[PDB]
Amino acid sequence: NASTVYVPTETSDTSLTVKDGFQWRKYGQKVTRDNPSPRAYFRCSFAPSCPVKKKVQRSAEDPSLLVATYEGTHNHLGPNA
Ligand SMILES: [Zn+2]
Numbered sequence: 158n159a160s161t162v163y164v165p166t167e168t169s170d171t172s173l174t175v176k177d178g179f180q181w182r183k184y185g186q187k188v189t190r191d192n193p194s195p196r197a198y199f200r201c202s203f204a205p206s207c208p209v210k211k212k213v214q215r216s217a218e219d220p221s222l223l224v225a226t227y228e229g230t231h232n233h234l235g236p237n238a
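Position in the sequence shown (from 1) plus 157 gives the number in the deposited numbering.
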């Protein structure tokens, strides 16, 4: 149920923001010793009607990339228009 994409991101940008046409509510953050960098947890602004969740973290393989993982598919059009 998950799709992962890779977003090259300036290394000085630690905000864990991936712009994707949709709106998000950040609800969680995880910090762990296996990644030097936090993981941010978001739910779609159309929650609970929309089930999509989004997790963003720097790649531990290529730290020039953010890894954005989306769970679910949006059941609505993107509100950033
Ligand atoms: Zn949605």
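Note that CB positions come from ideal geometry on N, CA and C, so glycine has one too.
Beta-carbon separation (whole angstroms), residue i vs residue j, contact threshold 8 Å
i      : j      : result
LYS210 : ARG200 : 5 Å
Cβ shell of residue i (< 8 Å), same chain only, five flanking positions each side left out
i      : result
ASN232 : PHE203, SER206, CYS207, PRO208
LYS183 : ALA197, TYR198, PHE199
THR174 : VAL213
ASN192 : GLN214, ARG215, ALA217
Own chain residues within Cβ distance below 7 Å of residue i, not counting five before or after
i      : result
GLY229 : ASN158, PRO208, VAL209, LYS210
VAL164 : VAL175, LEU222, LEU223, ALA225
Residue i classed as buried or exposed, judged by whether at least 16 other C-beta atoms fall within 10 angstroms
i      : result
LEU223 : buried
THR171 : exposed
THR168 : exposed
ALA225 : buried
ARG190 : exposed
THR161 : exposed
Neighbourhood of residue i by C-beta distance below 6 Å, restricted to the same chain and skipping five residues each side
i      : result
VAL188 : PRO195
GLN180 : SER202, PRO236
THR166 : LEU223
Under 9 Å between C-beta atoms of residue i and residue j
i      : j      : result
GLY185 : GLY235 : no
Unbroken beta strand (DSSP E) run spanning residue i, endpoints
i      : result
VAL162 : 159-165
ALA197 : 196-201
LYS211 : 210-215
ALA225 : 222-228
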